[PDB]
Amino acid sequence: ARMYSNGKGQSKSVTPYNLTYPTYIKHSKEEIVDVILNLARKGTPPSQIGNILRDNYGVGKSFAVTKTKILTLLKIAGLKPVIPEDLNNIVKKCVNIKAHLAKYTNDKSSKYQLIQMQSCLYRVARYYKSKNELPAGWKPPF
Amino acid sequence: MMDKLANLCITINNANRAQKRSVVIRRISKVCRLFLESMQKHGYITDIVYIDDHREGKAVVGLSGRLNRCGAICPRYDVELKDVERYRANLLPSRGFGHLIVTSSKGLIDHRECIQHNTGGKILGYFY
Amino acid sequence: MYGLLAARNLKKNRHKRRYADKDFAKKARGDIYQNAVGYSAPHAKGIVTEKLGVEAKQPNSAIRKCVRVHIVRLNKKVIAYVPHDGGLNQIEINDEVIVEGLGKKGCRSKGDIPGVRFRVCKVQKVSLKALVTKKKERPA
Amino acid sequence: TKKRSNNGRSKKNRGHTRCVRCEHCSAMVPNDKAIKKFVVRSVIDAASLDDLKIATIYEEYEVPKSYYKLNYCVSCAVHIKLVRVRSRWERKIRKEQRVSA
RNA sequence: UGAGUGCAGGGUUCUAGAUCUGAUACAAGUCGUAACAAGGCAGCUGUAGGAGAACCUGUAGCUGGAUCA
RNA sequence: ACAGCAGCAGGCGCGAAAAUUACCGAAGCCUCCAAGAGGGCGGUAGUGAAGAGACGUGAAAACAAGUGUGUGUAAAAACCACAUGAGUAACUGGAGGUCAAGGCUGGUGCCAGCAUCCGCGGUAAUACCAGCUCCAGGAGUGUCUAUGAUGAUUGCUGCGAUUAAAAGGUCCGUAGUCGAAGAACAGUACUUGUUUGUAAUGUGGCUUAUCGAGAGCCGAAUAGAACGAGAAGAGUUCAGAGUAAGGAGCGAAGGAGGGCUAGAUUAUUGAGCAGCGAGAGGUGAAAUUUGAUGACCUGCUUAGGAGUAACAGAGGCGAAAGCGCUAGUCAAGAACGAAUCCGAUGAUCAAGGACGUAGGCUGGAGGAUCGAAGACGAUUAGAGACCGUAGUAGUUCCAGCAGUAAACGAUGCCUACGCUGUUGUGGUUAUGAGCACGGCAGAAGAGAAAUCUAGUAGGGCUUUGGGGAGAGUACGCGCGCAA
Ligand SMILES: [K+]
Ligand SMILES: [K+]
Ligand SMILES: [K+]
Ligand SMILES: [K+]
Ligand SMILES: [K+]
Ligand SMILES: [K+]
Ligand SMILES: [K+]
Ligand SMILES: [K+]
Ligand SMILES: [K+]
Ligand SMILES: [K+]
Ligand SMILES: [K+]
Ligand SMILES: [K+]
Ligand SMILES: [K+]
Ligand SMILES: [K+]
Ligand SMILES: [K+]
Ligand SMILES: [K+]
Ligand SMILES: [K+]
Ligand SMILES: [K+]
Ligand SMILES: [K+]
Ligand SMILES: [K+]
Ligand SMILES: [K+]
Ligand SMILES: [K+]
Ligand SMILES: [K+]
Ligand SMILES: [K+]
Ligand SMILES: [K+]
Ligand SMILES: [K+]
Ligand SMILES: [K+]
Ligand SMILES: [K+]
Ligand SMILES: [K+]
Ligand SMILES: [K+]
Ligand SMILES: [K+]
Ligand SMILES: [Mg+2]
Ligand SMILES: [Mg+2]
Ligand SMILES: [Mg+2]
Ligand SMILES: [Mg+2]
Ligand SMILES: [Mg+2]
Ligand SMILES: [Mg+2]
Ligand SMILES: [Mg+2]
Ligand SMILES: [Mg+2]
Ligand SMILES: [Mg+2]
Ligand SMILES: [Mg+2]
Ligand SMILES: [Mg+2]
Ligand SMILES: [Mg+2]
Ligand SMILES: [Mg+2]
Ligand SMILES: [Mg+2]
Ligand SMILES: [Mg+2]
Ligand SMILES: [Mg+2]
Ligand SMILES: [Mg+2]
Ligand SMILES: [Mg+2]
Ligand SMILES: [Zn+2]
């Protein structure tokens, strides 16, 4: 089940059985690889890179053509971010809640949501600072 | 998450009680395969197919009329060859028939083979 | 607590559970040496100081014959029962008596006698059964 | 022992509900438990409609009705005989009552 | 190296004490009758006042209710 | 001046509790300068129903225990051999049920007594006190006290927690215990071989004292350690692998979920003014009470502070406590659709932290309605109560403290396996159906039943009960302004 609440949803998307090569498409390998690195330098998250490749350029799951994963390609090109993108999105939501509570101090429901959010940050931090993906003395922006 | 060897047992026990002849079992591990293959050698189950679904794994099996009950033991206790008959007398209905399965350096073996090979091991499960 | 490497947790839990048993608790945590007859001694010597009688509990209707004893080993004074038909007549003030338990698990009242916990066994070194049935005589 | 499967009230999947006040004694009772009664009563009694037909100035007239929903606590509903005690098998039967006039 | 012994303190276990206050047993004493039937104001849980005494009254809750409607 | 029996005998005390101020150039050992000397160490008997063997108390013809010789020993006694006399030898607890065995005869009349427990006796006692017959074990049988079993009433094997005793008010969270599939790898646990490691006791045997305990000889052995071996489970790693494991993100939509800003239709009270001219209120029935200083009722004006009727439900939302007028605004969450991204990030939780109806407390704002306390009127033997009149703290808001509820579906949280019909709510749809959250009615199993959040089961983790009472009380400690 869900980690912070009583949810038991089941909405996911199916991974294919085999992957082949997308011969119906209208670009070369080298063009697709160029499209990714452009979208990266403009500052898009890698989950959004995937959405665009599927929706506009017509490639499912973005790996059948490249034999390599999106984040690994960005490390080969040297475009790696300073913080992993998951930990980064958790710090953003915390900041937002603290900026709301700063002006609407009375909101007990928002107070409740903040302590849940903050717990999740530290649990994710401890993962990354074991795999050597963050400096040992990293601390939140707060 | 449930233990995979426990899940296997409850799935076949309930279906047998409901008088079904075949079932699909949904999460499979290496020792689950070896357990089922043991029940086939002693003629408790008849036909086995394994589905390679890339999501864990699953099996389809045909039950015989000879199977009354099976079960897993948790945890998997360590036993000397001196100890196994104690567990045999606790689990099985009669001195004449049924099988207690033990894991060893020589694979899965039954309580008779333990005497032949001169080896203890870890207790895994039983059927009769 | 049923894991294979859980022995320490399991042991500490199960030990703590036993204090719910009255028997284990009293031996561990009560005053087991407060009594004239009990854990300490099977019999007790003492001197008779007063003669006494008590009513039986309902629904019975009787006067039971009892004796006030000063116990040599503790300097407590206790009530004891005198068993036999004419038994009270075999005892004088300032006699020495030996005293015995009623046979329950803890020191508890037996039958219809309220609050009395011991009985007389011998008077002046001789069996009370022999005195009452006139098989033997007082030392004099 | 437990006398009714629904605890005598219609609350499910909720913590708490609004209270209402009894028509007969003003006691507080939870809305999901209160005995309810509907009334549709003519302003003019049946024994006067034959006089109304000669009293009115209009060519035809429709009498105005008055509408009410009433609420009762258990004690009042039993005492006023809106409901009655029933046998162990009858207790389970559920049927809508008539609108009063 | 040190036995013994001065003087202050602590740590333990027992024991005295004017007087006050619990509990238990009281064949059957005195005053009421609070609960068990709609027990004669349906009962019970929390909280706050009050009162010879059981208890009574406000406020929120529960049915183990006298209603599965 | 001398002296220290937890050496051997012995005495006094203390207790419910324990032997002779005995013989010893012999047996087993130790000590010396020794073909010898020493030893209360050790051996021999005496005393005692702590324990353990074998046998007497007659047979149908014909029976212990005595005695004398020899033996035996260091000297003895007992034991054994032969020979003499003979004719001796049972008690303890019971007889209503459990529990084997008498309604037998005489006394006693809720007395005297008996009875582990249940129970007997008030003049017809199979239960008391005795006589007589039976029963049980028998050189033994009763009682008291500790303990093991009884007992699955301590539960690893193996108990319980809807109503009998028993799931923390809700979340977060550390220590602790527990943790995918696929392909490979390594040997410290794990299991096993060989070798060590046990005198007595115990275990499997055989041999000699008339027999039986006894004595003598044999064989194997626990835990612990030394060196090898096997690799299923456990462990470590990898990525042309991507959970009906989790987190991040995208698209369209739904809800009394929460904070803030600005508005609203009535209603209940209070004042002003106008009309009218005698009662209004309240109850089962009435009295307190209010009205010619004009009530009540009907108009028009105003002033406040609460609340959101009907629609409205076995409907919805929230972690729980809880949430119902209309617009605008601010954050985050649940579910659904689908070829998005990362890759074990996870389950449960002592300590520690955050929320928690109502009533209560500290300070400010305010004050319509309702109303603890207090005061009256009735009713009653008495009402201090129930009913009526009136009336204060509180009831509302902001900033905090507090920490309890029949905080209940009296049913912990994850995760499984499971029959049918019907009815809802929100998305999606090959229009056949699904996914999440519910209600209802049977069935089969289950259970002491009632009934079923209770079916099946050695899955994981925490809380928790052990006949009533005393007691959720005393002492100590921690929080709180107090309660
Ligand atoms: K999600
Ligand atoms: K959790
Ligand atoms: K939560
Ligand atoms: K959860
Ligand atoms: K009795
Ligand atoms: K509630
Ligand atoms: K109802
Ligand atoms: K009452
Ligand atoms: K000495
Ligand atoms: K001595
Ligand atoms: K003795
Ligand atoms: K002898
Ligand atoms: K006898
Ligand atoms: K007799
Ligand atoms: K008689
Ligand atoms: K017990
Ligand atoms: K158990
Ligand atoms: K609590
Ligand atoms: K996955
Ligand atoms: K809003
Ligand atoms: K409050
Ligand atoms: K009053
Ligand atoms: K009066
Ligand atoms: K009143
Ligand atoms: K009032
Ligand atoms: K608080
Ligand atoms: K608090
Ligand atoms: K509580
Ligand atoms: K729910
Ligand atoms: K049960
Ligand atoms: K206290
Ligand atoms: Mg009464
Ligand atoms: Mg009453
Ligand atoms: Mg009842
Ligand atoms: Mg000696
Ligand atoms: Mg008999
Ligand atoms: Mg008898
Ligand atoms: Mg039990
Ligand atoms: Mg009860
Ligand atoms: Mg209970
Ligand atoms: Mg509880
Ligand atoms: Mg022999
Ligand atoms: Mg493995
Ligand atoms: Mg006027
Ligand atoms: Mg409305
Ligand atoms: Mg979400
Ligand atoms: Mg308040
Ligand atoms: Mg919990
Ligand atoms: Mg108890
Ligand atoms: Zn009412």
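Side chains are part of it too, since the values below use all heavy atoms of this structure and drop only hydrogens, waters and symmetry mates. First the proteins, then the strands, lettered A, B, ... as listed; each starts at 1.
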Greater than 12 external heavy atoms within 6.0 Å of B/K122's NZ: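 More than 12 heavy atoms, drawn from other residues, nucleotides or ligands, come within 6.0 Å of this atom.
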
Would you say [X] reaches [N]'s phosphate, i.e. side-chain N/O to OP1/OP2 under 4.0 Å?
X: C/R17; N: F/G465; value: no
X: A/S11; N: F/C336; value: yes
X: B/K4; N: F/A181; value: yes
X: A/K108; N: F/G257; value: no
X: C/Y2; N: F/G155; value: no

Length of the NE2-P vector between D/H16 and F/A407, whole Å: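 Between P of F/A407 and NE2 of D/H16: 11 Å.
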
Protein-nucleotide distance (B/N90, atom CG; F/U157, atom P), rounded to Å: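 Answer to the nearest Å: 11 Å.
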
C/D112 (side chain) and F/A115 (base): donor-acceptor pair under 3.5 Å: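 Present.
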
Pair of N/O donor and acceptor under 3.5 Å linking E/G65 base with D/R4 side chain: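 No such pair is found, so the answer is no.
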
D/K12 side-chain proximity, nearest of F/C330, F/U143, F/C440: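 Side chain of D/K12 sits closest to F/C440.
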
Listed nucleotide nearest any side-chain atom of D/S75, set F/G316, E/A66, F/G442: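 Nearest nucleotide to the side chain: E/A66.
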
Sugar-phosphate only, base, or nothing, as touched by D/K36 at under 4.0 Å among non-hydrogen atoms: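 The answer is sugar-phosphate, as D/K36 gets under 4.0 Å only of primed atoms, P, OP1 or OP2.
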
Between F/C341 and F/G346 - P atom distance, rounded Å: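 About 22 Å, rounded to a whole number of Å.
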
Euclidean distance for P, F/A416 against F/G246 (whole angstrom):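 Going atom to atom, P in each nucleotide, I get 9 Å.
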
Output field: Watson-Crick/G-U pair F/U302 F/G270, thresh under 3.5 Å: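 WC or G-U pairing between F/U302 and F/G270: yes.
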
Pair test for F/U379 and F/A74: Watson-Crick or G-U wobble, both under 3.5 Å: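 Here the two bases do not pair.
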
Earlier contact from the 5' end, RNA chain E, for D/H79 and D/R88: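 Going by which nucleotide is closer to the 5' end, it is D/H79.
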
Stacking of A/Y112 on F/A319 base (centres under 5.5 Å, planes under 30°):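 Per 5.5 Å and 30° rule: yes, stacked.
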
